[PDB]
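**Q** Coordinates for the following, if possible.
(chains A, B, C, D, E, F and G)
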Amino acid sequence: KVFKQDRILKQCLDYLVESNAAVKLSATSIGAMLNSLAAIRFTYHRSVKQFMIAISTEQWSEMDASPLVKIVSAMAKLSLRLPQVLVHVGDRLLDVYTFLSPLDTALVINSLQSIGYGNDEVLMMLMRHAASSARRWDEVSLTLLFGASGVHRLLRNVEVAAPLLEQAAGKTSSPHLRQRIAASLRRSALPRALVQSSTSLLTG
Amino acid sequence: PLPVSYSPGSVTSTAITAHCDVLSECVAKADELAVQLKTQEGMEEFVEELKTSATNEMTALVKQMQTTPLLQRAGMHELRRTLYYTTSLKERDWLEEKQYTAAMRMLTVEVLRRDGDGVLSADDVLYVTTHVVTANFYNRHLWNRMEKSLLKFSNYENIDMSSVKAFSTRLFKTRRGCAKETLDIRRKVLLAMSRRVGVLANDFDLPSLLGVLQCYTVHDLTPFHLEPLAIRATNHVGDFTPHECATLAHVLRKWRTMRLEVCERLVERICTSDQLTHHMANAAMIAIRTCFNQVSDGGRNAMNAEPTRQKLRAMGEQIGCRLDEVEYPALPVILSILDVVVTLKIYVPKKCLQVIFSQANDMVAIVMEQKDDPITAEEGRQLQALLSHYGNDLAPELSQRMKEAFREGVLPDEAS
Amino acid sequence: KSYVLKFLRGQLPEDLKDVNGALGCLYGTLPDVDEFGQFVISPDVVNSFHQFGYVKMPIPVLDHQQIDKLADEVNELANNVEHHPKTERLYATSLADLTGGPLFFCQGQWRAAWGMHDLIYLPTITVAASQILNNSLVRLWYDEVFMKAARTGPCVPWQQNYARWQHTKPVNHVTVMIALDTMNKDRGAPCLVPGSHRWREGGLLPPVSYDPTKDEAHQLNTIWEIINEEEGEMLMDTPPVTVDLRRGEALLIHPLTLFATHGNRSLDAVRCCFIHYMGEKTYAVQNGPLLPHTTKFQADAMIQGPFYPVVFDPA
Amino acid sequence: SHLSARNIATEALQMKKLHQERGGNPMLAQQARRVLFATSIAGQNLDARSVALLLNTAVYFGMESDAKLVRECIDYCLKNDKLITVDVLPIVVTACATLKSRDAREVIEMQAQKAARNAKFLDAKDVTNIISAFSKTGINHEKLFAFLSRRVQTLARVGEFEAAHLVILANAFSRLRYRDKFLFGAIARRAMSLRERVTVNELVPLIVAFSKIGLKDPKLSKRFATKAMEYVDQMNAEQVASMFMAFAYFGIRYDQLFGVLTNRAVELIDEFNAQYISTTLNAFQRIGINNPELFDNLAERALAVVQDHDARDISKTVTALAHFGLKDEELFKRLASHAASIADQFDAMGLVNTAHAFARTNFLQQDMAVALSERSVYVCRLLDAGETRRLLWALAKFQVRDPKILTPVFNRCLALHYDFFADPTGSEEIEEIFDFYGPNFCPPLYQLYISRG
Amino acid sequence: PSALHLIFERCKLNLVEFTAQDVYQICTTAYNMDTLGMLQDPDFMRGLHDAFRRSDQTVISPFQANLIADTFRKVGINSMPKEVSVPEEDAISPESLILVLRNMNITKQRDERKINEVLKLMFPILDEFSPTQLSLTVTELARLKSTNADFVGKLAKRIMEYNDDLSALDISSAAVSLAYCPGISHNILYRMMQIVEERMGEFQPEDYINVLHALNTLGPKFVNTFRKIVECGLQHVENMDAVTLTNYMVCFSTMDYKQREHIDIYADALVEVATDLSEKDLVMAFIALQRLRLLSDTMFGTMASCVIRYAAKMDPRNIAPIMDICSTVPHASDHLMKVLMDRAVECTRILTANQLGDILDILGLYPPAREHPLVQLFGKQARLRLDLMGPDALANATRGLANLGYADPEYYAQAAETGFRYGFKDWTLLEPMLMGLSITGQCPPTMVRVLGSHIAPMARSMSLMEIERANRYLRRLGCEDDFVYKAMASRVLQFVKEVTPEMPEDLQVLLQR
RNA sequence: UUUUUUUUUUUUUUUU
RNA sequence: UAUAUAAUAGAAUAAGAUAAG
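**A** Numbers count the residues shown, from 1 in each chain, chains lettered A, B, ... in the order given. Find the structure here:
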């Protein structure tokens, strides 16, 4: 209903935190609640921060891929930056990255960019996995990936950015996204020849 | 016969007078309870009951004014007291926004209608302007017409003393945090009545004399018509309390009337106080500096300039020895006093310097270790230079504290 | 003349009527005296107006950006927290009591607003109005704007324009309605009788009594109360028609046609403009001014002056 | 013409300059108004300079405070107060001078506080522009004026200003009614130190300002009189009338200068317009000099051209002619018939002056009297007791006896009865008024009048 | 399309209750696909804008609101997203004031009172900030051009405290944002540059760009850090982007790098790939190369050839620098110069006073510009712009028009009056006016008197050759005041104390008078 | 041509 | 097995009469 009464949800979250119920809830339930809170731009971030902190490392250790990506996406859309939640997220990603769908990979990459994630190994290996499975990427997934804030940071190697660029040239058909990708290629650290060829393909 | 519709501002009594009498009595009783206090919950109960009674009375008045064409049948004095009570109950928080706006919109409409007729006397204009701008209720046409009608100085020539004093106090009291758009019209109200104040110079009593002078000065207005108003005060020193002489010195300095002869008397009168304070000492030091800067080494009496400075220096020492009794609220007062002493080479005892620097150390022992909360870096440098000039043995703690503060960087810059 | 200060040499006069012609705002400028032939209305439109007492122009008379400008000016006229400058230049306004209401109405706006002043001199509507009045001189009398509330805009009851214009001697008038918004039966489109302009050989029905504390049904149904049996027989065959207007659509209305405006039940305000044009050889009836603070005429003096400017003159 | 907002502000400023000091071409004003009507800065980001220029050019060309561009510019000035530096402060102040909204007042007060705080760090250009801008708003911040006057004196002690700066400074400090004799002495000294660099065009306005400010010192006027006497030959009618007015304002009886000025004025009698004739007659009335040949020449020229007579010109001319005594027959008829046509332009006091001048000379025309009487209902609110008495006596001599016209005048008289009945003069005037209108027309004023107070 | 028509009609009449998210979705599908006539239909877009204005925009991100406003402005509807208020006492969190600042920055509508309010609600709760939140709020405050340096200094100290928790990008962004703040302390800047150079082996090209911008802003007080980065980047010089090479050139020009050994390597690397530069980057590279005295015979040709493809549509603010570079350099640039003159002729309408003055000044002594048709157009435009010219722009324009032989006595007389209104302070601000008048050799005597009264005080600080030129101008104009010649002869006496016939005729004539 | 500047001022007794 | 991401800046510049206390 896009209903915005944040006092009611604040009372509900206070009851959730006080009852120590965040240590027994399911991963998909946590993701659904966080996504619902983020979909309406919840105001009181202190309650959400306490609720996310209260959950234990046991839950973080064996979360499935999709609830985990939902949780990190809801964290990113709520402008939450937590130093100790992100290390748990990173080790869980290290464990279960191979099962991510392409749209999950794009969501993870752009959400981690949106929160200014400082780790580079996890980002680099996620980008490598995305490059390996480039032949299956849809249109919305490419928009989500190449629409990330610091996308040019991730376009480090030619191997990790060649199939993604050719797939974007083949599939993406929006002038603004192509211009943004060309600008990111210009600001990237790729070899000059590949940048020139990709810019030629995308624009013109 | 012509249908004139002019009624004196200060017969033709409608129900508005009966409505306002109840409010007057209720407000008087609610005020008397405050004096009786000097059972807080108990008296708060009576206060709440009186507030509810006044709210009901004002609701009835507003409904009567809206439903019935009472304003046209009303006189002028009742309209003015209705405006007074409508503005006064809001600052006392006995009315809501809706009722207050509904009453004041109709008040302004009726005032504008009477202005269009032309029955607004030279006193009603001042009354409405002062009781509207101080309440900060904005109506474009009313404000513009009042500001335009306050420029006919020929009308405001024979205003009564009591009305002058009432407007002066009303504008003076609520000056502290007034909105900026009100300042210009405040100055216009003050200046429209300036000539009448000038011809009233030989009639004020001394506390009201300083009240009017401070009211004009705080509104950054120093009109020439009020020139005698200050002069009499200069010629009437010795009847003022010691504290008031500091404000008198500041006013005289801002009025280009501070000279050596009056400065001697002002310093002497300050020195008759039982115990000095920061205000009196600061004003005395500033006055001494101002008079010391008024002597020329190549003027008419250039040969006689050297003794005068000496005399002033002596008077400075008179304040210099009584510099421990005061309590400095902020560092700038200490810095100004010390700068005035050093620049004029005034002699200060070591005990006074010790007390001053101890208070300064206790003051700066708040900004750096608490760090929760505005001493700028240049002020700290000036304090360090002063301490070094007078010797670091005075306050050994302060020197190290300032040095570690400057190394740490707690003190911000002036640009920030 | 006198000496104007250097920083005041570009200011416009207090009264905008003092401007002899039209400002450059909105449309560029009035064309040449021999370039007015491209705004002529079709003869079929004239016949339709003479048969029905009303007609809507084939094309919108204003481009969209001009419509946005006019809507912004209407919004600024109805300001309450900061009252409009030149408010005392209006004949009458709904904010004279400073409170307001669901319906905001403003008269004599052309003396206190740019753009609205230029709207008077629009060739597209003035040429058509002149064609309506047997191809003669046209003089602006006055204009007004209505703006309805967001969801509680009231409906104007049935009315005849000439019922209030009793100071003008002959029946020589025309009304132009410009819709600054998109209107509908639920939003404020005008509903008028298809043939009421030729009833009683030109007479006027008595004033209609309405209760301002109820819904729209009785307001629109008072027409039966105010008419007689024969008028009912005429009305039954041709019921009143509500014309839906888009942005910039102009509607020419006879002064004797019965018309009303539906209330606003949309989710935001709706604005409309009425401009009343006389013709030449239109005379007064009684001494004194027709409008508040206007020129005082004689018993049968012809209507002219700066308050009623000439906006189009054939030959 | 599609252009960026900065590229539009630049051409707008150029158009303002050309329409201001290079002839008032109406086409330039219309083009600028059309260009600024469609201009908006809601989305694009601009410097404070561009926004200030747009606001100033919009306000100059007749745009009130209800427009979109003015509202956006005022919102920008209210929000980003720290980006409006001293360089772009006078532009904003001048733009807000005419506007009298609440936001305009707040902006003006904030700029005044900023200028008063930073009054010691400015230069000749900044100080001159700031004082000129604050002259136009009618503000009454005396502390700011004192600070700026002190800075002016210190900056001019080293010979910084020049002719144009001195003219602007004197005009600004005279319009604000700041009778600082030391400041004007410094300005005069800087002017006299500018040998042969103060031309006639830069000398006449200085004398006009020094006359208007009303300085007590009479030694200063002598130097201006001599320098004007040297410069008479190089003058048009404008400056001749200007110095007639100026030396009437000074009030010192000079002889050689007046003779040479009269010679030059009668030389240029074929170039005088309505305003120059009115100014000359008013100056002669103020100074008291009786010059009947020049009065005859001016009356003949005023008879030659009557359409150019504005309400101010008409009022000054009739008042001067009535006070002097000399009066023509057909010239008065033409002036009255013309004032009947433009009776809707008279001010609060100009109307009273014109009506009383026509009544005092026993010249009664029905059309003019009716027009002035009917117009005398929107101006009674803005009348002092003396002006109200004059208007009431003019109406009594005109025999109006119309309640709709009389009751506002009597309301004003009752609302100002103390200043009305205690006037040192006019007792016979009030006696004649009450003899005409009788006791029963207005009871309360009669009861007050038979009480002498 | 009966259903589509009904939906459009119901949207037009404002009878559909729209949420902010629904309006955002409609805007996205209209801007992306636009298969239907959504953007082309004005009434539907007006209705959608009316729904969006009255909606509740708190439930959308600042980016979404910005996109909605951009979509509305693309069609003509002047739209502007609502301003968000400062959070209340309960919602005062480190993650909400940052959101306020971010929305203020993104929507491009900054209120300084709101900035102060959110800077006074951040100090008590400044201990709850994450290490990345400080690096975010520093850049957000820098992008708002805030003048509060104490708050940024405290933030920088905290950022230094959490050094190990921040990535290279955060450190570089904090460094450049700190460098952009004007009033910040210098000890903090030194500490930040030490931190940057300690963690400098992990930098991406973006971090290199940020560090170079920070160094260029700071100036030649930070030479050691620039030397360190130059020594480190020498390995990557061949495999390097063009923009960062241009920034290296700009920093080299700014710091006055005396080690001219690596400058050659970096300049050659830049000129190799100069083909991939835009307008501003190419202009900056030109200026940096000129100020480093690097324009050789061949690299100038390549850079000019690169400029040729851009000279047709150059901005009016990028024409004068290239003209100056061509003027100073002694190589062949006739074709580029002609193209630039044609572009200036095209742009003469929109050129401001300063740009027109610079263009006229550069072409003052250019031989081919004598017969080019720009002289008359620029003279007329300068006469029009003479009201807006400053004390120096007027002098530059007058000098350029006098050197070109443009003869119009009215323009020079108006320039004389404008100069008299402004006043003169240097001889270089008065000589162009004198030669412009001497071109026609006629002016009213009052003009001569004012010019002589201006010249006379200035005669005590002129060289002998300038005295000769001033005497020539005064003789051509026809002055007769004696004190001016007295002062000129007094100044001449000092340089040549001998009245011997050795000096030329003009000198004897001057001392005689 | 030699007069002047640099505070947190808060104390006016009306029934409007 | 899900309905969706959005941030790069450049310009130094002065017009001038209100029927007062």
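**Q** Just give me the neighbour total for whichever residue of the stretch 151-300 of chain C sits closest to RNA strand G.
**A** The stretch 151-300 of chain C approaches RNA strand G most closely through residue C:293 (22.4 Å), counting by C-beta to the nearest atom of the strand. For every residue, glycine as well, the C-beta is placed using N, CA and C. For residue C:293, the count of nearby residues is 12 (other C-beta atoms under 10 Å in any protein chain shown).
**Q** wait, isn't residue A:63 in contact with residue A:92?
**A** Yes: in this structure, residue A:63 is within contact of residue A:92 by C-beta atoms under 8 Å, at 5.7 Å.
**Q** circling back: so the residue of the stretch 151-300 of chain C closest to RNA strand G versus residue D:340, what's the distance?
**A** Using C-beta to C-beta, to the nearest Å, residue C:293 is found at 18 Å from residue D:340.
**Q** Around the residue of the stretch 1-150 of chain B found nearest RNA strand G, how many other residues sit close by?
**A** Nearest to RNA strand G in the stretch 1-150 of chain B, going by C-beta to the nearest atom of the strand, is residue B:148, at a distance of 9.2 Å. Per other C-beta under 10 Å, the neighbour tally for residue B:148 reads 13.
**Q** now residue B:298
**A** 6.
**Q** Now do the same for it: helix, strand or coil?
**A** Three-state call for residue B:298 (DSSP: H, G, I helix; E, B strand; the rest coil): coil.
**Q** how much space between it and residue B:305?
**A** Residue B:298 is 9 Å from residue B:305, where distance means C-beta to C-beta.
**Q** Could you do residue C:48 as well?
**A** 102 Å.
**Q** Just list the residues touching residue B:350, thanks.
**A** residue B:394 (C-beta atoms under 8 Å, 6 or more residues apart in numbering or on different chains).
**Q** Chain D versus that one, what's the distance?
**A** Counting by C-beta to the nearest C-beta, to the nearest Å, the gap from residue B:350 to chain D is 37 Å.
**Q** same deal with residue E:290?
**A** Taking C-beta to the nearest C-beta, one finds residue E:290 at 28 Å from chain D.
**Q** can you give me phi and psi for residue C:177?
**A** phi -110, psi 120 (degrees, to the nearest 10).
**Q** So what's the residue count around it?
**A** Neighbour count for residue C:177, taken as other C-beta under 10 Å: 22.
**Q** isn't it right up against residue C:273?
**A** Yes: shown here, residue C:177 and residue C:273 form a contact pair, counting by C-beta under 8 Å, at 7.0 Å.
**Q** Which element, helix or strand, includes residue 50?
**A** Using chain A. Residue A:50 is part of helix A:45-54 when elements are defined by DSSP states H and E.
**Q** wrong chain, I was asking about chain C
**A** Following DSSP H and E, one finds residue C:50 within helix C:43-52.
**Q** which non-adjacent residue is nearest the residue sitting nearest the centre point of chain E?
**A** The centroid of chain E falls nearest to residue E:317 when counting by C-alpha atoms, centre = their mean (8.3 Å). Closest residue in space to residue E:317, ignoring its immediate chain neighbours: residue E:355 at 6.3 Å, by C-beta to C-beta, 6 or more residues apart in numbering or on different chains.
**Q** List the buried residues for stretch C:56-70?
**A** Neighbour-count burial for stretch C:56-70, counted by 16 or more other C-beta atoms under 10 Å in any protein chain shown, picks out C:56, C:57, C:60, C:61, C:62, C:64, C:66, C:67, C:68, C:69, C:70.
**Q** can you check stretch E:501-513 too?
**A** Neighbour-count burial for stretch E:501-513, with 16+ other C-beta under 10 Å as criterion, is recorded at E:503, E:507, E:510, E:511.
**Q** Would you map the helices across the stretch 51-200 of chain B?
**A** In the stretch 51-200 of chain B, the helices defined using DSSP state H, counting those that start in this stretch lie at B:70-73, B:77-91, B:97-117, B:122-133, B:140-149, B:161-173, B:183-192, B:194-199.
**Q** Just tell me which of those helices ends up closest to chain A.
**A** Judged by C-beta to the nearest C-beta, the one of these that comes nearest to chain A is helix B:97-117, at 23.3 Å.
**Q** Check which helix or strand residue D:18 maps to.
**A** Using DSSP H and E, residue D:18 falls in helix D:5-21.
**Q** Dump that helix to CSV, restricted to CA.
**A** Output of helix D:5-21 as CSV, limited to C-alpha atoms (Å, rounded to 0.1, in the frame of the first residue of the first chain):
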residue,chain,number,x,y,z
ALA,D,5,20.6,31.2,-18.4
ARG,D,6,24.0,32.9,-17.9
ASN,D,7,24.0,33.8,-21.6
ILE,D,8,20.5,35.2,-21.2
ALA,D,9,21.5,37.2,-18.1
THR,D,10,24.4,38.8,-19.9
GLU,D,11,22.2,40.1,-22.8
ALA,D,12,19.5,41.1,-20.3
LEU,D,13,22.0,43.3,-18.5
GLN,D,14,23.2,44.8,-21.8
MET,D,15,19.6,45.5,-22.8
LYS,D,16,19.0,47.2,-19.4
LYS,D,17,22.1,49.3,-19.9
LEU,D,18,21.1,50.4,-23.4
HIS,D,19,17.5,51.2,-22.4
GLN,D,20,18.7,53.0,-19.3
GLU,D,21,21.5,55.3,-20.4
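**Q** Mind giving me the packing neighbours of that helix?
**A** Contacts defined by 3 or more C-beta pairs under 8 Å, 6 or more residues apart in numbering or on different chains; DSSP states H and E place helix D:5-21 against helix D:26-37, helix D:48-60, helix E:374-385.
**Q** Leaving out the residues flanking it, which one is nearest to residue 133?
**A** Using chain A. Per C-beta to C-beta, 6+ apart, closest to residue A:133 is residue A:102, 6.1 Å.
**Q** nope, chain C please
**A** Sequence neighbours aside, residue C:279 is the residue nearest to residue C:133 in space, at 3.7 Å (criterion: C-beta to C-beta, 6+ apart).
**Q** got the residues of the stretch 51-200 of chain D near RNA strand F?
**A** Contact residues (C-beta under 7 Å from any atom of the strand) of the stretch 51-200 of chain D with RNA strand F: D:150, D:153, D:157, D:182, D:186, D:189, D:193.
**Q** Can you report how many residues neighbour the fifth one?
**A** If I follow you right, that is residue D:186. Per other C-beta under 10 Å, the neighbour tally for residue D:186 reads 21.
**Q** Against residue C:129, how distant is it?
**A** 66 Å.
**Q** okay, now residue E:287: neighbour count?
**A** Residue E:287 has 17 neighbours, counted by other C-beta under 10 Å.
**Q** Near chain D, which residues of chain E are found?
**A** With C-beta under 8 Å from any C-beta of the partner chain as the criterion, chain E meets chain D at residues E:69, E:73, E:78-80, E:108, E:110-113, E:147, E:350, E:352, E:384-385, E:387-388, E:420-421, E:423, E:446, E:449-450, E:453-454.
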